[PDB]
Amino acid sequence: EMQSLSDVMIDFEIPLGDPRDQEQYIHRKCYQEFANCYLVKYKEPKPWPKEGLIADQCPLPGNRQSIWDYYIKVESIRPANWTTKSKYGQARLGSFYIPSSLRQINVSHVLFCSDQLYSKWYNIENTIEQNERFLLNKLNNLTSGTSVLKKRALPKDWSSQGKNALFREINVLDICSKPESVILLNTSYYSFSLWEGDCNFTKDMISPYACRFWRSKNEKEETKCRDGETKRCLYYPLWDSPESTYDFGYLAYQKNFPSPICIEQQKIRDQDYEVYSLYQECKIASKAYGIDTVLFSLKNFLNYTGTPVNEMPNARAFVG
Amino acid sequence: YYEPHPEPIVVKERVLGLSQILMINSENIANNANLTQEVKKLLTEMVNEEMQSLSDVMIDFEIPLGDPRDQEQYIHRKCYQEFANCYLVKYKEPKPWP
Amino acid sequence: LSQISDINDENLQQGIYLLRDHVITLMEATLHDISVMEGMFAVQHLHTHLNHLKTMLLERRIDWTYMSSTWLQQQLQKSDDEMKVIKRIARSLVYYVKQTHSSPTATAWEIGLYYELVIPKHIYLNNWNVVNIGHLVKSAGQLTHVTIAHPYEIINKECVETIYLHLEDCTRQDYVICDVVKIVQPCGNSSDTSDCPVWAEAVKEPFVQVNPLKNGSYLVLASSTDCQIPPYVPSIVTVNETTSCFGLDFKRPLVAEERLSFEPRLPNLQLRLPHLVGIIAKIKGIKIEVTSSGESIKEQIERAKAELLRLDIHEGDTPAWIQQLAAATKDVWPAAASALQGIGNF
Amino acid sequence: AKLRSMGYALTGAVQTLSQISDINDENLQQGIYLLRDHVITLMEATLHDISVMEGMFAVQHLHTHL
Ligand SMILES: *[C@@H]1O[C@H](CO)[C@@H](O[C@@H]2O[C@H](CO)[C@@H](O[C@@H]3O[C@H](CO[C@H]4O[C@H](CO[C@H]5O[C@H](CO)[C@@H](O)[C@H](O)[C@@H]5O)[C@@H](O)[C@H](O[C@H]5O[C@H](CO)[C@@H](O)[C@H](O)[C@@H]5O[C@H]5O[C@H](CO)[C@@H](O)[C@H](O)[C@@H]5O)[C@@H]4O)[C@@H](O)[C@H](O[C@H]4O[C@H](CO)[C@@H](O)[C@H](O)[C@@H]4O)[C@@H]3O)[C@H](O)[C@H]2NC(C)=O)[C@H](O)[C@H]1NC(C)=O
Ligand SMILES: *[C@@H]1O[C@H](CO)[C@@H](O[C@@H]2O[C@H](CO)[C@@H](O[C@@H]3O[C@H](CO[C@H]4O[C@H](CO)[C@@H](O)[C@H](O)[C@@H]4O)[C@@H](O)[C@H](O[C@H]4O[C@H](CO)[C@@H](O)[C@H](O)[C@@H]4O[C@@H]4O[C@H](CO)[C@@H](O)[C@H](O)[C@H]4NC(C)=O)[C@@H]3O)[C@H](O)[C@H]2NC(C)=O)[C@H](O)[C@H]1NC(C)=O
Ligand SMILES: *[C@@H]1O[C@H](CO)[C@@H](O[C@@H]2O[C@H](CO)[C@@H](O[C@@H]3O[C@H](CO[C@H]4O[C@H](CO)[C@@H](O)[C@H](O[C@H]5O[C@H](CO)[C@@H](O)[C@H](O)[C@@H]5O)[C@@H]4O)[C@@H](O)[C@H](O[C@H]4O[C@H](CO)[C@@H](O)[C@H](O)[C@@H]4O)[C@@H]3O)[C@H](O)[C@H]2NC(C)=O)[C@H](O)[C@H]1NC(C)=O
Ligand SMILES: *[C@@H]1O[C@H](CO)[C@@H](O[C@@H]2O[C@H](CO)[C@@H](O[C@@H]3O[C@H](CO[C@H]4O[C@H](CO)[C@@H](O)[C@H](O)[C@@H]4O)[C@@H](O)[C@H](O)[C@@H]3O)[C@H](O)[C@H]2NC(C)=O)[C@H](O)[C@H]1NC(C)=O
Ligand SMILES: *[C@@H]1O[C@H](CO)[C@@H](O[C@@H]2O[C@H](CO)[C@@H](O[C@@H]3O[C@H](CO)[C@@H](O)[C@H](O)[C@@H]3O)[C@H](O)[C@H]2NC(C)=O)[C@H](O)[C@H]1NC(C)=O
Ligand SMILES: *[C@@H]1O[C@H](CO)[C@@H](O[C@@H]2O[C@H](CO)[C@@H](O)[C@H](O)[C@H]2NC(C)=O)[C@H](O)[C@H]1NC(C)=O
Ligand SMILES: *[C@@H]1O[C@H](CO)[C@@H](O)[C@H](O)[C@H]1NC(C)=O
Ligand SMILES: *[C@@H]1O[C@H](CO)[C@@H](O)[C@H](O)[C@H]1NC(C)=O
Ligand SMILES: *[C@@H]1O[C@H](CO)[C@@H](O)[C@H](O)[C@H]1NC(C)=O
């Protein structure tokens, strides 16, 4: 459509001033490009610790879930002498494997561009124009000259002085929808396990599904072949397969039956995050250096990693 | 005295005349879009509606060029649009599935 | 022509040249977007395209969707901006529509489209309309309006140079299009300038004209003075404070911000007229040619002399005639005019 | 070659207003007065109907608008 129009119309000089000088043009252009884009700084650089994630609150395949990207399947056919240690390290086959890219030692900041972490003041039932004004006022009220957010803006998990004035808290089901966000931003890892063995929970120690562990341990891991120790051999897993049930730890998390749930915390990062607003920075820097320069400068910063964070699907747009 | 004349002015050199023939065939469209026999009806209705409306207001004009039926490009494209993927296989001799 | 490229041949003439062979086009090949859509999403996208096409053809426009830009530009050999102009002004004709096959599940149709593409020789952007205000003259008792027949209708000024255009055989297809455009010189009394004819016409006294100009000034031509403004010569008038002149309110304009000007600046010109021009315009009763811009004293005089001489003294209107002789003689010999006036009133 | 027309910027002067409401001012004259600042408009904000549509339905609605 746009090209067709472009192809028949020449340019005309109009005797008003340059839009680049006008505040409404500056403010609306920084908004259309950087409204929801924020930079978070760790107190110091500390990655997610483990490669294997136990997270039974998520349903398994058998809607789609984003965490199924990291799900390890259990396969009945394997090569000879095959072991999980050889491929997924210390992950439990049938759970989730976190790649080394998400666990970089030197990552000091997290850049994200999404609306999904705002506290109650934000509602998609309200109008675009209203939500704009509400954000625009909050970002003025939460900032003094610079682009650094006041600690008040943050959730309690990222700062002692956080009062959720801009951002909500991350919850237990957020891992299933938004994996990367949790892995990069959570200050602590919390498990949620219905696996027989964890927290020493033995099958006797219980003081259609009922009181049962989802996956029980088997004797060992093994394979057997028939003069063909290469391609196709039967595999016997160290734990059960959840394919038949698939809803168990989800339906357990929503309490529809009692069960022996296990939860353990593990600290990762100090609760002293700092947050910058790229929208507020765009407004501010454009007063000194003009918008053309600032816009091009900040657009390159969204591509620091080589993929521009703003073109990613909304829920998955988190980068260290 | 004088006033502006905002509109451009073009000096003519020559005119070039062209004839273009547009050909439409709903089966080609219905194959690609994996359409069902029900939606093939909708496509056929929708196309006739638009084409008939145009047909109803426009009379016929003689254009002083040779007949398209004599032109290769017309022949090639018509045979294609119709028969491109149509083939005839002959058995060595007639033998059915047993 | 065997190729579109041939249209650029220098030893052609201004006319219509047809490409010899028909362009053949299948819609299924043209509309890529539908090819990847499925079910009713495909159907509705096509409906939008077909309805658009129909809309363009009713307005005699060309829907360029069904022709390759690059191919056309590579055949025509033209700049990006020239192609914009070419594609704006080109017009379409439907010479046949034909259903070729009809089944309850399947149809086919054919359409014959004829296009005429104007090829530009030149394009002019910064243009002014002319307006001819003339001058008033008082002569042997008669008020006369005098005008020069200018040989151009447009002034153009792209950058610095100012050009005077005569146009012929024009039409509007968004822009103005003309067959013939002749560059001309302004009027003057010299070899290098145009020798334009001068027209006179008798007019009723008092004559007042006041045109409010858009920028806030007023254009005045009046037989009489008011607010200091000289009579007979026209002028562009501006005031610092609202006042009444000629029975209407000349307002102070609003302050404006300055910008780069493209206003023309015509040559000045001195024009001699016949001594009795007011009488010559009067006895005709119509707007009449009196001189040319360049014309010699001798040729200017021998023009109306026989006519004027045959306005001789008659038994029936001697007093009237004597009064006209006094008005004619006043400026030449005042002492004879006062005498003739006295005899006339006697 | 690069075209651009001065057809609306030929005269070398411009009369401007701070507010659309100013156009009603009695002691103006017949002429062209420009509002001094550009109106700035996002289409996302302007088309509410597409905001609550989803998938190819949203896309086809916008196509009809454009
Ligand atoms: C509403 O709209 C109307 C317009 O539609 C507005 O009216 C217009 O307002 C303009 C002001 O913005 C006026 O322009 C001004 O004209 C003045 C008068 O110009 C004439 O005199 C000049 C001086 O002549 C004497 O002195 C010289 C020596 O210096 C002697 O040689 C002479 O004998 C005299 O003694 C003279 O230079 C001008 O000559 C040019 O114009 C005539 C035709 O008018 C041509 O015959 C000439 O060829 C010549 O034009 C060519 O050369 C000049 C440079 O020499 C170029 O600029 C031209 O483009 C062209 O190539 C006239 O005889 C000017 O004095 C005055 O000058 C100011 O600006 C210049 C810079 O541009 C400065 O350097 C000066 O110092 C000074 O500040 C200016 O040009 C228009 O006349 C007027 N239009 C009409 C038709 O009336 C109206 O006001 C608007 N109202 C509102 C409310 O907005
Ligand atoms: C990313 O970061 C977010 C935080 O922003 C994090 O979300 C939090 O996740 C934790 C862990 O699931 C949530 O806390 C748990 O909530 C359970 C439900 O709370 C109700 O019950 C308590 C009282 O029981 C009430 O006070 C409360 O108001 C609710 O009504 C709660 O049962 C959990 O408590 C058990 O576990 C903790 C673990 O430290 C323990 O301290 C408690 O005493 C309690 O006992 C333990 O129970 C488990 C089994 O249930 C057993 O294994 C263990 O042996 C027991 N230990 C003891 C000592 O008895 C716990 O409070 C928290 O609410 C979430 N916050 C939000 C904002 O949602 C995500 O999980 C993080 N994601 C990842 C992947 O890291
Ligand atoms: C366009 O431009 C032309 C050229 O300027 C205008 O015509 C001229 O007008 C002027 C002013 O009225 C005339 O000036 C007078 O000239 C005579 C002398 O004329 C004789 O000598 C000239 C020498 O160059 C010669 O050109 C003349 O030839 C013309 O006339 C003869 C005779 O009829 C004819 O045969 C030719 O074919 C030519 O047509 C001629 O031989 C001079 O005596 C006058 O003196 C008076 O004015 C001066 C100055 O005020 C004063 O000092 C004296 O005391 C005296 O009062 C005066 O200079 C000129 O003759 C005109 N030339 C022509 C060719 O007509 C023309 O009118 C302009 N047109 C328009 C429409 O405005
Ligand atoms: C009739 O013609 C007049 C010319 O004879 C017009 O007067 C000119 O109007 C301009 C309007 O912009 C004045 O500019 C103002 O100047 C003062 C200060 O004066 C000093 O600076 C100017 C140039 O800025 C200089 O020209 C002066 O000589 C002084 O040195 C500023 O405070 C204003 O902001 C504004 O710039 C001209 O000064 C003035 N010139 C003359 C010669 O009068 C008049 O406006 C026309 N009026 C009508 C009824 O049309
Ligand atoms: C109309 O229906 C056909 C048949 O279903 C559609 O073609 C199919 O399209 C899919 C997706 O492009 C193809 O699957 C992919 O094939 C590649 C190559 O093998 C493989 O790498 C992928 O893993 C995946 O399997 C599928 O092969 C293809 N089937 C056929 C028979 O061509 C078609 O897209 C539909 N189109 C429309 C517009 O209705
Ligand atoms: C984001 O950054 C990447 C990496 O620097 C840019 O990708 C390069 O782009 C150039 C320009 O055409 C190519 O020639 C290179 O081959 C690309 N290299 C890689 C590693 O992709 C990319 O252009 C940037 N994109 C945006 C939208 O900013
Ligand atoms: C990480 O930082 C350390 C200390 O500066 C350095 O030795 C190492 O090369 C860095 N590695 C990467 C992957 O950045
Ligand atoms: C039992 O629980 C404690 C909790 O700290 C742990 O240290 C120990 O390793 C567990 N032992 C077994 C046999 O699971
Ligand atoms: C940019 O450089 C100019 C001098 O070239 C200087 O005046 C200006 O203050 C600098 N800073 C900004 C924000 O433009």
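Same order as they appear, the protein sequences are chains A, B, C and D. Under the numbering used here, the first residue of the first sequence carries the number 1, and numbering increases by one thereafter. Under the numbering used here, the first residue of the second sequence carries the number 1001, and numbering increases by one thereafter. Under the numbering used here, the first residue of the third sequence carries the number 2001, and numbering increases by one thereafter. Under the numbering used here, the first residue of the fourth sequence carries the number 3001, and numbering increases by one thereafter. We put the CB at the ideal spot given by N, CA and C, even for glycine.
Asked                                                                                                                                                                          : Found
With C-beta atoms as the reference, is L3010 of chain D less than 8 Å away from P1008 of chain B?                                                                              : no
Can you name the residues of chain A whose CB is closer than 9 Å to the CB of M3006 of chain D?                                                                                : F12 and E13
Shorter than 7 Å, the distance from the beta carbon of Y189 of chain A to the closest heavy atom of ligand 2, or not?                                                          : yes
In terms of DSSP beta bridges, what is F167 of chain A paired with?                                                                                                            : A:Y118
Among residues of its own chain, excluding the 5 on either side of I2016 of chain C, which ones have a beta-carbon nearer than 8 Å to its beta-carbon?                         : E2116
Just verifying my parser: in three-state terms, what is the DSSP assignment at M2027 of chain C?                                                                               : helix
Report yes if the CB atom of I2155 of chain C is closer than 8 Å to the CB atom of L2221 of chain C, and no otherwise.                                                         : no
Go ahead and label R3004 of chain D buried or exposed: buried means 16 or more other beta carbons lie within 10 angstroms of its beta carbon, across all protein chains shown. : exposed
Which residues in chain D have a C-beta closer than 8 Å to the C-beta of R28 of chain A? List them in chain order.                                                             : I3040 and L3042
Just to check my reading of the structure: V110 of chain A and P45 of chain A have Cβ atoms closer than 8 Å, yes? What is that Cβ distance to the nearest angstrom?            : Rounded, the Cβ-Cβ distance is 11 Å, inconsistent with contact.
Taking only beta-carbon positions, decide if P2120 of chain C is within less than 8 Å of chain D.                                                                              : no
Determine the chain C residues that contact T3016 of chain D at a beta-carbon separation under 7 Å, and present them in chain order.                                           : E2257
Please list the partners that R2088 of chain C has in chain A, where partner means a Cβ-to-Cβ separation under 8 Å.                                                            : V8 and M9
For the putative contact between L2050 of chain C and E1050 of chain B, defined by C-beta atoms under 8 Å, what is the C-beta separation to the nearest angstrom?              : 4 Å
Given this structure, state the Cα-to-Cα distance separating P2212 of chain C from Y2152 of chain C, to the nearest angstrom.                                                  : 25 Å
Please confirm if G2134 of chain C has its CB atom under 8 Å from at least one CB of chain B.                                                                                  : no
Regarding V2239 of chain C and ligand 4, is the C-beta to nearest heavy atom distance less than 7 Å?                                                                           : yes
Can you list every residue whose CB sits closer than 5 Å to some heavy atom of ligand 6, going in chain order?                                                                 : A:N303, A:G306 and A:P308
Which runs of the alpha helix (DSSP H) at least 4 residues long sit entirely within the stretch 2174-2235 of chain C? Give them in chain order.                                : none
How about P308 of chain A: is its C-beta nearer than 8 Å to some C-beta of chain D?                                                                                            : no
Can you check DSSP and say which residues form a bridge with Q265 of chain A?                                                                                                  : A:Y190
Does chain D have any CB closer than 8 Å to the CB of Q3 of chain A?                                                                                                           : no
DSSP on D2317 of chain C, reduced to helix/strand/coil?                                                                                                                        : coil
By the 10 Å Cβ neighbour count, where 16 or more other Cβ atoms means buried, how is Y1001 of chain B classified, buried or exposed?                                           : exposed
How big is the Cα-Cα spacing for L2012 of chain C and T2070 of chain C?                                                                                                        : 25 Å
Using a Cβ-Cβ cutoff of 9 Å, what residues of the stretch 2102-2117 of chain C are near chain B? List them in chain order.                                                     : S2102, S2103, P2104, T2105, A2106, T2107, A2108, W2109, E2110, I2111, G2112, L2113, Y2114, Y2115, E2116 and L2117
Quick check on the burial criterion: 16 or more other C-beta atoms within 10 angstroms. Buried or exposed for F213 of chain A?                                                 : buried
With a threshold of 7 Å, establish whether the CB of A55 of chain A neighbours any heavy atom of ligand 2.                                                                     : yes
Is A2140 of chain C near ligand 1 - that is, is its Cβ less than 7 Å away from at least one heavy atom of it?                                                                  : no
What are the boundary residues of the beta strand (DSSP E) that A2106 of chain C is part of?                                                                                   : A2106 to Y2124
Between which two residues does the beta strand (DSSP E) harbouring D2249 of chain C extend?                                                                                   : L2248 to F2250
Would you decide whether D3025 of chain D is buried or exposed? Buried here means 16 or more other CB atoms lie within 10 Å of its CB.                                         : exposed
Can you pull the DSSP bridge partners for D272 of chain A?                                                                                                                     : A:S159
Tell me whether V110 of chain A counts as near ligand 5, meaning its Cβ is closer than 7 Å to at least one heavy atom of that ligand.                                          : no
Can you check the stretch 198-253 of chain A for any alpha helix (DSSP H) of at least 4 residues that lies completely inside it and give the ranges in chain order?            : 248-253
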